[PDB]
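A short write-up of the structure that comes next.
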Amino acid sequence: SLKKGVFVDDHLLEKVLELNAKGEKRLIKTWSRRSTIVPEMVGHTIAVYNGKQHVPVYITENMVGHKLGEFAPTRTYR
Amino acid sequence: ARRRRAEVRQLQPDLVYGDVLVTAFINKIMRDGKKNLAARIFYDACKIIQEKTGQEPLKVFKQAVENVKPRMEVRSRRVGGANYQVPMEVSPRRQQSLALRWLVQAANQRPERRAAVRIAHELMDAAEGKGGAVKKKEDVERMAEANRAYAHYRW
Amino acid sequence: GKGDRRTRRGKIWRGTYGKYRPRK
Amino acid sequence: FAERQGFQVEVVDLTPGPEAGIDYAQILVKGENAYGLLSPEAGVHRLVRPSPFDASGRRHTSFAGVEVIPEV
Amino acid sequence: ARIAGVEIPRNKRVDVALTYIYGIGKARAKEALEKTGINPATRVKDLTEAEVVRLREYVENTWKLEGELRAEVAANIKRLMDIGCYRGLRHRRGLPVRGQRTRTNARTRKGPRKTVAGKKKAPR
RNA sequence: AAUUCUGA
RNA sequence: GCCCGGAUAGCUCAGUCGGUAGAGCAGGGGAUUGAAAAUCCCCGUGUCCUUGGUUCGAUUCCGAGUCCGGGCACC
RNA sequence: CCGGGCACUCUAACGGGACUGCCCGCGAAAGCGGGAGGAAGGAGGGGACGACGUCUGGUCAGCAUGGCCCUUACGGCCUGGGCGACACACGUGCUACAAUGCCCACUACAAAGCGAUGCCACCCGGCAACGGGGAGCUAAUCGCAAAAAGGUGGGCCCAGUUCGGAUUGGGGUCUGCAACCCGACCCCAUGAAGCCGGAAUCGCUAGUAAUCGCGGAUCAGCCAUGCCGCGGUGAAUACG
Ligand SMILES: [Mg+2]
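Chains as they are written, first to last, in the deposited numbering: chain AS, 4 to 81; chain AG, 2 to 156; chain AU, 2 to 25; chain AY, 143 to 214; chain AM, 2 to 125.
Have a look at this one:
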């Protein structure tokens, strides 16, 4: 578990940041399952890569500290 | 043990009583080779003797261990499709081993939560001819004699 | 027992140090 | 094969026997255009491999028949 | 003495009795004991009303334990049952969620064995 | 007092 | 309706020819086979359905009540 | 700990000694029994070494190499998923069902190996994991390091419990660009089944079995309870 930082990948902010100014569309593909969803992101859906394809996962309040990988299953029929 | 007739390991004389047998009895109470936490219990029992009978735990041994020695037990054999479990004499050497063993097991049965208490008490009832170890003695002796039908099978 | 992570032997068998086994 | 393409299985009959293998196996597989897919696999399929039911492990050959008939 | 909730332990030391409370263990035990001058080697069998109500202070006032922790712990799990994160599932399915060997040993969070099998080894 | 092992 | 007998161990039955209660099979522990039994030792369990009177009192000796078991008729 | 000293302890190098040589019993001898002397006997206890050969055993995935097959992909690179997947089933192991016990406080005895972008003395903060500073060490000279059971004295008092620690909730530290899958530790709260285990079945004849702890390898860290070594206490039985 991290202790000093939020190890959130470069392209994450760089991308999202402009998307926050006036609240842009939504479709944001990705490959950074190893990051975190800091607040202010609410509403904006992300196409997380479960290893096979992009899952249109919506974002809401409650889910904050959680990561991107904890929202894109990697196996089927559990 | 097909070549040599094996060897009767030597018992180091006691370090309080000086008995090559007062040790053979502790050895059976020794779990995991902890002879210190074993002999302690035993010596704590000898104090339950001197604290419940002026009798010095010495004759309470040469008596409780002698009233348990089975004269003859049953050792099965098979001549060929013969489920005959023949009865026969016991080696003076064996006798002791069978005794001490039944003594510990029996001790480890009583409802006394401590320990030395159990050993002490079982030693009293066995010297006083009425301990669980003797219950196994008669039980064994019943099987014996009752089958003297197989006396011509003293291998 | 040798698996009780909150005792003496708990750490002995484990090989670590904690609130239940301070550094001498 | 009929579980990968998506078709559905019905084991109408399967029966063991003495030592090891299978005596008779009759199955019903559905799905659109199924008979046309398992019609060519109608014959006797030969196998050649080291015999596991032998002590020396000799190389042996085995034969088994596959029949196909639609549900009309 | 009805201490917390409905729990009246007696004939034992007033240090292990608190353990028999959902939300109190060895720690918080030899904790409310030091912070209240109550010798642990005593018994519920004999203790002044003061020691009781005082105990009820540094206990039923400090951390709001059974019922309400219980209510919250379930509420969190309930939260994990919002959109369904990975921890959310495996909990929805009643399985362990701490990266563990499920191919074998797991009867704890697996609802007993249902030997429901049938593989074979030797027909005709 | 206790059966069987095909065919490179 | 008459003549007779009997429940006591889960089952079947003996029994101071009045006090002192018992067997076989069941069952349990052990012993236990290559595998179950056959061998093999050890124990709890009650008013003798049972209603009493003499006897010091009764599982057994009288009446007798409830039922059970076996026979003899008539209709 | 000082100077001072090789008599011990030890460290490593070269030798002695045991050979059935000496007595007695048996036998033709070989050889066996017992006795002594000796620290040690009849191969003293361990290694290392494992024949002609068997198993068309296993290993083309450690390497090599015959032969076949593809060569803008059956090759090369990359983020990420997977090898960790669970209604089930078998094997080896770990922790247990406890009083010859667990928890708590204090104090002692080993051996074998291992440490420079490496092991860390000692202070300060944090209950702690852990973080600052900084000395010593190329190491029979400093450290890893406390060995543990035990000795010792204080409370539990037989209840699934102060036993047993699975599971789950909350909070953190550390490597690592990065711990959802999928890491190891820290604290609090959770305390499930298990009361010695049907049929069957494993190892060991002595410092062995059992029990208790320490080290190394790989490695940033680690799922290591695995493996290879080291040492503390230390049994029962063998008629046949
Ligand atoms: Mg046949």
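We treat Cβ as the ideally placed atom computed from N, Cα and C, and that holds for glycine.
Quick one: using the 10 Å Cβ neighbour count with 16 as the cut-off for buried, is residue i buried or exposed?
i	result
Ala-28 of chain AM	exposed
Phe-10 of chain AS	exposed
residue 1 of chain AG	A query on residue 1 of chain AG cannot be resolved here, the shown segment of chain AG reaching from 2 to 156 and no further.
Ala-75 of chain AS	buried
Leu-124 of chain AG	buried
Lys-7 of chain AS	exposed
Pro-88 of chain AG	buried
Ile-40 of chain AS	buried
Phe-62 of chain AG	buried
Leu-70 of chain AM	exposed
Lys-70 of chain AS	buried
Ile-30 of chain AG	buried
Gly-199 of chain AY	exposed
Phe-43 of chain AG	buried
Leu-12 of chain AG	exposed
From the beta carbon of residue i, is the nearest beta carbon of chain AM less than 8 Å away?
i	result
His-47 of chain AS	no
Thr-63 of chain AS	yes
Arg-36 of chain AS	no
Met-44 of chain AS	no
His-69 of chain AS	yes
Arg-29 of chain AS	no
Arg-78 of chain AS	no
residue 82 of chain AS	No information on residue 82 of chain AS is available, as it lies outside the stretch 4 to 81 that chain AS covers here.
Taking Cβ positions only, does residue i come closer than 8 Å to chain AY?
i	result
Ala-123 of chain AM	yes
Are the CB atoms of residue j and residue i within a distance shorter than 8 Å?
i	j	result
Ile-49 of chain AG	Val-118 of chain AG	yes
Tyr-23 of chain AM	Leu-66 of chain AM	yes
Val-54 of chain AM	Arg-11 of chain AM	no
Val-60 of chain AS	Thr-48 of chain AS	yes
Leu-101 of chain AG	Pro-71 of chain AG	no
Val-45 of chain AS	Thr-33 of chain AS	no
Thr-79 of chain AS	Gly-54 of chain AS	no
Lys-36 of chain AG	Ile-27 of chain AG	yes
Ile-39 of chain AM	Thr-63 of chain AS	no
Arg-88 of chain AM	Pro-97 of chain AM	no
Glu-21 of chain AS	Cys-86 of chain AM	no
What whole-angstrom Cβ distance do residue i and residue j have, given they're in contact under 8 Å?
i	j	result
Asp-47 of chain AM	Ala-30 of chain AM	Contact flag wrong, Cβ pair sits at about 19 Å.
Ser-38 of chain AS	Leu-5 of chain AS	Not a contact, Cβ separation roughly 11 Å.
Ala-127 of chain AG	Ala-39 of chain AG	Wrong, their Cβ atoms sit about 19 Å apart, outside the cutoff.
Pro-124 of chain AM	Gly-163 of chain AY	5 Å
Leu-170 of chain AY	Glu-213 of chain AY	7 Å
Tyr-21 of chain AU	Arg-7 of chain AU	5 Å
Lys-60 of chain AG	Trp-103 of chain AG	Actually they do not touch by this definition, with Cβ atoms about 20 Å apart.
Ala-107 of chain AG	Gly-82 of chain AG	The Cβ separation is near 37 Å, so there is no contact.
Is the beta carbon of residue i within less than 7 Å of some heavy atom of ligand 3?
i	result
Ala-40 of chain AG	For the structure depicted, ligand 3 is absent and the ligand set comprises only ligand 1.
(request) For the region 79 to 93 of chain AM, enumerate the residues whose C-beta is nearer than 8 Å to any C-beta of chain AS, in chain order. (result) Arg-80, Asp-83, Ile-84, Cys-86, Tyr-87, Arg-88, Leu-90, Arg-91
(request) Give the residues from the region 158 to 176 of chain AY that approach chain AM closer than 7 Å (Cβ to any Cβ), ordered along the chain. (result) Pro-158, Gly-159, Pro-160, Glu-161, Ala-162, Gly-163, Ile-164, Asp-165
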